[PDB]
Structure formats: structure tokens, C-alpha cells
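*Asks:* No sequence on hand, only this structure:
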């Protein structure tokens, strides 16, 4: 099969924000929140 | 006030240092590439 | 006339592979699925 | 009932543990709730995978492979078996007061991380700054030869 | 939580290494950061696969099969386990100056390589020129008789 | 890095070979060029699959199955291990040069012939590289005086 | 009998019709001359004078039609002579 391993190892031209923050937040999921009890 | 920079990054984005370019043999270079070499030729610490 | 050597058979196999979310996924592909042909066939030949 | 792939590894395990020592038989009879006879507890194991996992939790040396194989073949039993087999650990008296001294400092680590990038990027940057200087010289020398 | 497929290969190997020697137990307790008891570090191994990989790297004789099977079944732990597992490969004092003398040679090797083809083509051509002249005479005899 | 599926079969095989005999130290020092300690060559095997294939090809007692498994797993090392796995078969005294042994060598000669051109061109280039250095200086001095 | 097949022929033709506009022969030699004008930057008294390149797809096409390598006659145009190891019809198809 046509290999793409040489084409695979590239790099994207990185360029900095004006404001930092929100870095390590890529893959996180907390539990769903409940509703209040009804009466 | 520096004449070398405006020659080096026209040599890069035209492909020819000394000889003229014809009107038909005109290629294309994306602005990300010229930014990545402008970072090396004229250095600063502010991307803006 | 001798049609046989002035043509070749019509068959092609290939595969695509990609690692997404550190999971490797692979899709094989045949020659007739690309032309949108339901019936697969060996009886066709392509002139060179 | 119970899967035979599980049973072929679980039944001689429990039978061999009983043959090794009999004091575990009354223990699993009290823990599961069966009669103290080995035929009764073995029929309970062959009938119910929850009971089988409870027995394979009560015997731990010779039953770990059979327990993990039951956990492979029965995915539905896992949460119920973990809920039934639960023992709360004891807490040290000084643990929360010792933890409260570190709030001033995990915040420092996170403020370093928000600048550097990932937590992995912080670890690799700290390793690179702790690294020896001859590696910097070797990097400059390989780039001096024309290798990148 | 660690997979049962990894756990079947990981837990008895760690238990066998501890039963073989207890001097590794304080070593892995200081490396990982748990209590010194085998039950506590085994709870840490069963809880966290990063801790499992750290223990299977600290015991090096018997844990290679379990280490590579953990690396197969948990592919996402590899980068962080490589970040945590880092030791300085010690550099020699004469290595950079001994390396700088070979620029004269590697450039010639790469230029001959570009003339021939690949490095494989260069190695095969060097073997063909190293091979005996009797083979050239034998292949001329086969070409005279008709064997291509 | 090295594949874990083939590493689980490649590392204990050469480990058992080193534990069986210590006579492979000169072999792994001459064939690979690594450092003389048994840990450095094992790290070299774990880092480089070409070095792993060389250590599987240097012995034929138990590592043949691991060599065939690495050949089936990584096809890109096949031609390189075929090139580095070449021993010049000395002579068979008879006339019949059967292709059970000489097929690789005559194929290598014909590959070099397909590169160069004529068989006589290969023999001529073989001889011209066999010649002394002084004939180059003689040709250069005749071409310097004004003759060609 | 050779029964023609439409449909497949139209699919292959509709794929080839953009490819023929982007592999024209007059747009390769301009790249050749641009490359060689850029990398020379010298006077050609030295470097053994001028050099010439020539490419003939009407000969490459005949070698493809006869199931021959186009890159074996080109290797023979340098030294002129042919090799007697191959057979008579191979020598004839090389020499023509």
C-alpha cells in the first residue's frame, strides 16, 4: 500500500496569542449536574 | 533603515537573487512562510 | 487482431490508514468501488 | 448462569483452595450466605457469577487469574461486584491539616504550567534546564556540521 | 483503572519480584511515593496504570513482558511515562571533540552515496567491488555459454 | 521505537543467548560497534530495529523465529538486513555453480552490472579502482603538460 | 468479439480531461529553463562549456508499446555499443 509515513512527520507554524490561559484544558469532562428536587 | 532585509526576503519570495523574472514564470508563496523567515531575519519578541 | 498484449487487466488494491486519538484505523479499497460499479468483474481490460 | 470459560478456571481454583485449607469454607459461607457444605457453595458458584466473584474475592492467592478472567468475560458484573466488595480505608488524623499547607504551592505550579504550556511541557522544560551543558554543545556542533 | 488483560500479566510478576527480594519494595516505595507495604503499592498498581508502568520499569528482570503488554494495551500512557522515566545518559569528556574530527569523512560518504543512489546501493556496490574476480570470470563464462 | 509485539519475543531470546554464552561480546562489538557493556547493546537493540535485526541474524540457535517475526512485522528493514547479511562464499571446487548458494552473489554482481553498464565496464572499473595512486598523477601530469 | 463499454470509458475520460491541461509538455521546459537560469550564476567558458538535454516521448512511447525499458537505449547512446548478452530481436529493437 502507498505509505504516508514520510508525509506524516510535519509541523504547523506556531504563533502566540495576545493573552494566555486555557492550555491544559483540552480533554476533560466532569459529570452532568442534577436538577433540584421537586414537590 | 536597513537595506539588506528588503533584499533577502525578496530573494526568498521571488526565488532569484540577480536575474529578472519573466511574467509567466510567477509562482506562489503563502504568507505563513514569509512570516516564518521574517522571524529569523528581523527578530523581535512581539508577534504583533 | 492480437488484442491481448496491447492491453492490460483492470485491477487495483490500496489502503488508507490514520491514527486518530491514538487509535489506528485502516480502510482497504478495490478498483470497482471507485467507479461506482456494484458487480465486480475480471472480464474487463484497459488498453495501454 | 456462568460462562464455561470462566467456570473451567474458577471451579478447580475454589476446589483446590478448599483442599488446601478448610477454614475458608465457613468464611465464604458467612460472606456469601450459603450452607457451609462445599457442594452447596460450589453449586452457588456455578449458578451465579456474582457469587462466583465474591468467592474469588474471598480467596485471593490462587484465584486472581480466575477473578480477572471473570472480569473479562462478564462486563455486567463489575459495578455490582465492586459495590458489594467494598472496604473503607482508614484515614490518618493529620492528613487534611498536612494537605492544607500545600495550597500556596500547587497554585505556583499551575501558574508555571499556564506559562510553559502542558504539564508535560513543564516537566520536559525542567529536565532540559537540569540537563548538562555538553548536550547544548553537541546540538550546536551537529548544527555546525550541517545536520538538522 | 488498569485493564484486566494487563493486570493478569502485571500483578503476579510484581508479587513474584517482591517474594524474590524485599529490597526492591522500599526502592519502589521511594520512587513512586506510596507506603512501604506491598499491599499499599499493589493498591497503587491496580489503581493507576502510570504507577503500574513505573513499578514494571523499576523491576527490570521479570517485568519486561508485562511492561510491553501495558504499552500495547494502554497507548495513551506512553508519552507521560516517558516524561517521568528519564535518566541522564552520561556523556564522555572526549566525545564532542572526537565527533568534530569526522566531518572530513561523513561528507565524502554522503557525496559518494548521492552519486551511487541510496546508502543500500553504496553498500551493495562496495560489496560487489570487494567480491572476488573469479566471480566476474564465472559470469563471463555463463554469458558466453548463454546464461544471462 | 521498537515494536512491542516483536520486542516481547526479541529481548528474552538474546537475553537467554547472553546468559548461555558470553562469547557474543566480540560479535556485537565488531558487527554493531556499540559499547562493550551488556546494557548498552541491549539499549541499542531496544532503540534501533536495524541493530535488533543484526542481533537476530548474528545467531541461529533460537532467534530464527524472532528474526522471521521481525521480517514479517517490519518490511522496511528487509533489504537493509539482506544487504548487511552478506558473506562471500569462498569457492566450490567443481564446475556446476548451483543457485543454492551462489544465487545471491551472482545476483549482486548483476545488480552492479545493471548499475554500471557492461560486464566489461564493471571489470574495467574494478581494475581502475584496483590500480595504484600514481597512475592518477601520471594522467594528471600529461593532461597538465597539454596532452589529451 | 470485443464489446465496447461506455460509462467506464466516460469516467476515465472525465478524470483525464483536467490532467491533460496540467501535464502539457510546453509547461515543463519553462521550469527547466527557469531552474538552469537560476542555478548557473557563472560564465560558461568553464564547467566544460554548454550542455544539452533532449527528451523524446515518441521513442519512450514505442518502448512502452513494445514492453521495453526506455532507459536502456539512453544508457547506450553514451558509449555507442550494445551488449551481446541479450537475444537477436532485443538487439534489433535496441539498434533501431
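*Replies:* Nice, I can see it. Residues are numbered from 1 along each chain as shown, chains lettered A, B, ... in the order given.

*Asks:* okay, how far is it across stretch A:16-32, tip to tip?
*Replies:* Length of stretch A:16-32, first residue to last, C-alpha to C-alpha, to the nearest Å: 34 Å.

*Asks:* and that stretch, anywhere near chain C?
*Replies:* No. Using C-beta under 8 Å from any C-beta of the partner chain, we find that stretch A:16-32 stays clear of chain C, coming within 9.3 Å at best. Any C-beta I mention is one placed from the backbone N, CA and C, and that applies to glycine too.

*Asks:* Buried residues, stretch D:129-142. List them.
*Replies:* Within stretch D:129-142, the residues that count as buried by 16 or more other C-beta atoms under 10 Å in any protein chain shown are residue D:141.

*Asks:* On the three-state scheme, the residue nearest in space to the middle of chain A is what?
*Replies:* Centroid check for chain A by C-alpha atoms, centre = their mean gives residue A:26 as the closest residue, at 3.3 Å. Three-state assignment for residue A:26 (DSSP: H, G, I helix; E, B strand; the rest coil): coil.

*Asks:* so how many other residues sit close to the residue in chain B that chain C sits nearest to?
*Replies:* Across chain B, no residue is closer to chain C than residue B:32, which sits at 24.0 Å (C-beta to the nearest C-beta). Number of residues near residue B:32 (other C-beta atoms under 10 Å in any protein chain shown) recorded here: 10.

*Asks:* show me what contacts the nearest residue to it once chain neighbours are set aside?
*Replies:* Nearest in space to residue B:32, with sequence neighbours left out and distances taken as C-beta to C-beta, 6 or more residues apart in numbering or on different chains, is residue A:13 at 4.8 Å. Residues in contact with residue A:13 (C-beta atoms under 8 Å, 6 or more residues apart in numbering or on different chains) are B:32-33, B:35-36.

*Asks:* Relative to residue B:20, which of these is nearest.
*Replies:* Distance to residue B:20, by C-beta to C-beta, is smallest for residue B:33 among those, at 22.6 Å.

*Asks:* So the closest one, which state does it fall into?
*Replies:* Strictly by three-state DSSP, residue B:33 counts as helix.

*Asks:* Show the backbone phi and psi for residue D:25.
*Replies:* In terms of degrees, to the nearest 10, the main-chain angles of residue D:25 are phi -70, psi -50.

*Asks:* looking at it, it is touching residue D:36, isn't it?
*Replies:* Yes. Counting by C-beta atoms under 8 Å, residue D:36 is a contact partner of residue D:25 at 6.2 Å.

*Asks:* Can you tell me the centre-most residue of chain B?
*Replies:* With distances taken as C-alpha atoms, centre = their mean, residue B:9 lies nearest the centre of chain B, 2.4 Å away.

*Asks:* in terms of contact, does that one touch residue B:36 like I think?
*Replies:* No. Using C-beta under 8 Å as the test, residue B:9 is too far from residue B:36 to be in contact (10.9 Å).

*Asks:* who touches stretch B:22-36?
*Replies:* A:13, A:15, B:9, B:12-13, B:15, G:30-31, G:34.

*Asks:* buried stuff in whichever helix in chain D runs longest?
*Replies:* Secondary structure of chain D per DSSP state H: the longest helix is helix D:4-20. For helix D:4-20, burial by neighbour count (16+ other C-beta under 10 Å) applies to D:6-7, D:9-11, D:13-14, D:17-18.

*Asks:* cool, stretch D:57-65 as well?
*Replies:* By 16+ other C-beta under 10 Å, the buried positions in stretch D:57-65 come out as D:57-59, D:63-65.

*Asks:* wait, which of these is closest to residue C:14?
*Replies:* Closest approach between the buried residues of stretch D:57-65 and residue C:14, by C-beta to C-beta: residue D:65, at 43.3 Å.

*Asks:* What strand or helix carries whichever residue of chain G sits closest to chain B?
*Replies:* Scanning chain G for proximity to chain B using C-beta to the nearest C-beta identifies residue G:34 as nearest, at 5.0 Å. Under the criterion DSSP states H and E, the helix or strand holding residue G:34 is helix G:29-38.

*Asks:* How far off centre is the next helix or strand after that helix?
*Replies:* Per DSSP H and E, helix G:29-38 leads on to helix G:57-65 as the next helix or strand towards the C-terminus. Averaging C-alpha positions (C-alpha atoms, centre = their mean, to the nearest Å) puts helix G:57-65 7 Å from its chain's average.

*Asks:* Give the burial count for the closest residue to chain E within chain A, as a bare number.
*Replies:* The nearest approach of chain A to chain E comes at residue A:27, 9.7 Å away (C-beta to the nearest C-beta). As a burial measure, residue A:27 scores 7 neighbours (other C-beta under 10 Å).

*Asks:* do the one 4 residues further on as well
*Replies:* Other residues within reach of residue A:31 by the criterion other C-beta under 10 Å amount to 5.

*Asks:* cool, and the one 4 residues further on?
*Replies:* Residue A:35 sits with 5 neighbouring residues when counted by other C-beta under 10 Å.

*Asks:* Distance of it relative to residue A:29?
*Replies:* Per C-beta to C-beta, to the nearest Å, residue A:35 is found 19 Å from residue A:29.
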